[PDB]
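Just below is one structure, and these are the notes that go with it.
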Amino acid sequence: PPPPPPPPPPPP
Amino acid sequence: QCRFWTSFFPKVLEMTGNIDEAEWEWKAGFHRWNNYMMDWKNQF
Amino acid sequence: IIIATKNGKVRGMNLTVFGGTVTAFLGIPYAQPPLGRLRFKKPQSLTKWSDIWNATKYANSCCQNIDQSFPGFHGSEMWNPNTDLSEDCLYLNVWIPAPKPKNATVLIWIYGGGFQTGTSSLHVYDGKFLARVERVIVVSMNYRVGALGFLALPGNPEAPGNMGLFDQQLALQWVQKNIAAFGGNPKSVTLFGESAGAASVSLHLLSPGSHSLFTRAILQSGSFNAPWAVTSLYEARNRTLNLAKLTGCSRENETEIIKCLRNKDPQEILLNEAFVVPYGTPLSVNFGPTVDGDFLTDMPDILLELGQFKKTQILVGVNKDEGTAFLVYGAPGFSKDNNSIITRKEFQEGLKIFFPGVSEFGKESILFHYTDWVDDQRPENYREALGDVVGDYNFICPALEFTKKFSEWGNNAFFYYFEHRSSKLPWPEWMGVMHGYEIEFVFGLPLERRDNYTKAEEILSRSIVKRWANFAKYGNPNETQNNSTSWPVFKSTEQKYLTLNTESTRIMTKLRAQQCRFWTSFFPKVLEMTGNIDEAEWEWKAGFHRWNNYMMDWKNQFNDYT
Amino acid sequence: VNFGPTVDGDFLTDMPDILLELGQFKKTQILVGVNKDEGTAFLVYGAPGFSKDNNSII
Ligand SMILES: *[C@@H]1O[C@H](CO)[C@@H](O)[C@H](O)[C@H]1NC(C)=O
Ligand SMILES: *[C@@H]1O[C@H](CO)[C@@H](O)[C@H](O)[C@H]1NC(C)=O
């Protein structure tokens, strides 16, 4: 399938 | 020694100093990712 | 058979052992019963007894919790006490060879049980065998354990702490006072004990009050410098205050706290003992030795460093698989009816169980340090590793460092490594030469042909008993001159030790030196990490590496799906 | 390396370890090797105590 998506970061 | 340098030392570098190079790397990952819409628009 | 002592005459009984006779006096009182107002106080000298006491049966065991994790299983139940529990428990037992020796060397047994449990009346502590075979006198005593032995409010004579230790010391004094009436030599006195017996004897090397009542010392798997052995002064006091809180004895001053605590039932204390520490281990000692100012006038490492202790010969050793006993008492996945194959995550969770307060980098480094495989995948790797971790952390290297530092002041030390797995072990094979399961060999049970041990185990037990007796008599644990392996001294340079098994005993050097080196010279510096970071970049890396490999997974077959 | 190789997007489309991880390279035989003391030369270029005219016990 079309793949899992990326996760974004938490920046401080 | 090489077991140490490949499998322990990187995780030791994982703590000292924390700056926007991680956010630089996320910019790299977003650039790694944004191409996948055409891979989503392969046939669809 | 009646022997007149300073307190009065005592009657004993003959036992027939190996075609000979031993005279046993079981349950001799050595102190006033610590009841009522004497509860939690230091021991009081025994004044006098009434007529002749018939010391022909074991006494009550002292109050303790009982191991009940495996009902009916001989492996666990053989160490549980087999008589009634009571606060009136300061009694000792003496086994003497018959006929009476004239100037015999005395062996004093100190039971273990991690300072929370144990009793001198176990079958595995019957001293008739050693008395029969080496014609020496053996004495063992019951001493207070747990909070009853070690509740501490230092400076207050109503409960100063280390009471159990002071019981031991007073018992030594009783031995000095009385051993001559038994045919004993007060100038040839040897102490021995295991896991807490060894910690106690080692503390008697440091305690000025103990400075002139014995000659030598045998230490089986243990010493005071282990992390679980001694509690800091204010952690002890804090725990005392917390037990008081749990029991409804939190008061203004100390003496009101003790007044209500002297009225509590022993069972209430026993059921409350387990909550004074927020995150305990299977080796956690709620109430144990501390720097009381009397028994310990300072932190033991400092006293040790300065050479202020009894300069004498020591005998020290350990079993091959010291750590195996504790995993089945809390870690998930382990079972005595399983082969206990665990995963990396189960291993890591075990690490969190046995090392609750250690930083994340500490866990990563113990994990890294213990996975340099000789051979992989080899399924039993992680299981043995975790057992190997606990023992290494808790036992062998502190014992060795103690020996090293003791020998730096010029006295002879001899170290053994017991490597034989008993043919009668009820526990599975994977647990090997377990903690505490050398004592039956120490006490000579395989010499008894009716006991289903092998001939080789009889031979082994004869050889260790012979060398032990020679060490006791002469300070040198030789066996025979000619055709016998000599036991060399342990020196900080060569660090020679003796292997113990039935095949062949031989001399090796620096047992697991690299692992124990890690625990003494790297591990202390790991609790100094103290850097609590935002953890968000750390958790970001945690999700980021899985982002990387889950990203890898796509084009593995994206190229194929074309 | 003051000025050196980087991810230019043309020659190198990503950080090289990732490309390595993904098998995106020429599939052929290679011969690789090293000398025992590659690093000694650099100590006399900054580390205190070292000299090519010393026995450099530190
Ligand atoms: C170990 O014991 C548990 C129960 O405590 C059991 O569920 C598990 O199947 C066993 N693992 C084995 C035999 O590998
Ligand atoms: C090495 O050289 C340094 C300075 O270059 C000097 O201080 C040191 O004494 C030398 N060591 C020797 C000659 O062993």
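Positions of Cβ are generated from backbone atoms using ideal geometry, with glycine treated the same way; all protein chains shown enter the neighbour counts. Every number here is computed from the coordinates shown, using simple stated rules; none is lab data.
Before moving on, here are some points about what is shown:
- One residue from C:318, C:328 being farther than 29 Å from residue C:487 by Cα and outside any loop (DSSP other than H, G, I, E, B): C:328
- Long-range neighbours under 8 Å by Cβ, at least six apart or interchain, first residue more than 13 Å from residue A:9 (Cβ to Cβ) and at the interface with another protein chain (Cβ under 8 Å from one of its Cβ atoms) within the stretch C:537-562, second surrounded by 15 or more Cβ atoms within 10 Å (Cβ to Cβ) and of a type in the set (A, V, I, L, M): C:548/D:18
Per-residue answers, yes or no, for (1) within 16 Å of ligand 1 (Cβ to nearest atom); (2) surrounded by fewer than 19 Cβ atoms within 10 Å (Cβ to Cβ); (3) over 30 Å from residue C:208 (Cβ atoms); (4) not aliphatic (A, V, I, L, M):
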site: C:307; (1), (2), (3), (4): no, yes, no, yes
site: C:321; (1), (2), (3), (4): no, no, yes, yes
site: C:325; (1), (2), (3), (4): no, no, yes, no
site: C:341; (1), (2), (3), (4): yes, yes, yes, no
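- Inter-residue pairs, beta-carbon under 7 Å, first over 15 Å from residue C:548 (Cβ atoms) and more than 7 Å from chain C (Cβ to nearest Cβ) and in chain A, second among the hydrophobic types (A, V, I, L, M, F, W, C) and not in a loop (DSSP other than H, G, I, E, B), 6+ apart: A:2/B:40
- Residue check, residue B:5 more than 10 Å from every other protein chain (Cβ to nearest Cβ) and not in a loop (DSSP other than H, G, I, E, B): yes
- Scanning the stretch C:143-193 for residues that are of a type in the set (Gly, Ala, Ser), in a strand (DSSP E or B) and under 19 Å from residue C:242 (Cβ atoms) returns a single hit, C:152.
- Total residues in the stretch C:489-525, condition closer than 30 Å to residue C:355 by Cα, surrounded by fewer than 16 Cβ atoms within 10 Å (Cβ to Cβ) and aliphatic (A, V, I, L, M): 1
- Residue C:71 vs. criteria part of a loop (DSSP other than H, G, I, E, B), over 21 Å from residue C:266 (Cβ atoms) and without any contact (Cβ under 8 Å) to a residue 12 or more places away in the chain: yes
- Looking across C:499, C:520, one residue alone is more than 14 Å from chain A (Cβ to nearest Cβ), touching a residue at least 40 places away in the same chain (Cβ under 8 Å) and touching a strand residue (DSSP E or B) at 6+ places or on another chain (Cβ under 6 Å). It is C:499.
- Flag for residue C:374 being part of a helix (DSSP H, G or I) and either within 18 Å of residue C:331 (Cα to Cα) or within 14 Å of another protein chain (Cβ to nearest Cβ) (or both): no
- Taking residues in the stretch C:339-354 that are under 12 Å from residue C:380 (Cβ atoms), and partners anywhere that are away from ligand 2 (no atom under 16 Å from the Cβ) and in a loop (DSSP other than H, G, I, E, B), the pairs with Cβ atoms closer than 6 Å and at least 6 places apart or on different chains are C:340/C:334; C:341/C:379; C:342/C:333.
- Test: residue in the stretch C:394-411 that is among the hydroxyl-bearing types (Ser, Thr, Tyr) and farther than 19 Å from residue C:311 by Cβ: no
- Residue C:357 at positive phi and more than 16 Å from ligand 1 (Cβ to nearest atom): no
- Selection within the stretch C:108-123 - in contact with a helix residue (DSSP H, G or I) (Cβ under 8 Å, 6 or more places away or on another chain) and either free of Cβ contacts under 8 Å to residues at least 12 places away in the same chain or small (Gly, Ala, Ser) (or both): C:112
- Selected residue (criterion: surrounded by the fewest Cβ atoms within 10 Å (Cβ to Cβ)) from residues of the stretch D:9-58 that are within 16 Å of ligand 2 (Cβ to nearest atom) and aliphatic (A, V, I, L, M): D:57
- Residue within the stretch C:394-404 that is over 30 Å from residue C:72 (Cβ atoms) and in contact with a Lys or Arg (Cβ under 6 Å, 6 or more places away or on another chain) present: no
- Residues of the stretch C:356-367 satisfying the condition of being part of a loop (DSSP other than H, G, I, E, B) and without any contact (Cβ under 8 Å) to a residue 12 or more places away in the chain: none
- Flag if residue C:334 is away from chain B (no Cβ under 14 Å), farther than 30 Å from residue C:413 by Cβ, away from ligand 2 (no atom under 16 Å from the Cβ) and touching a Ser or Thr at 6+ places or on another chain (Cβ under 6 Å): yes
- Among the candidates B:29, B:17, the residue that is more than 30 Å from residue D:36 (Cα to Cα), small (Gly, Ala, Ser) and facing another protein chain (nearest Cβ under 7 Å) is uniquely B:29.
- Among residues of the stretch D:10-58 being assigned to a helix (DSSP H, G or I) and closer than 30 Å to residue B:30 by Cα, the one that is nearest to ligand 1 (Cβ to nearest atom) is D:21.
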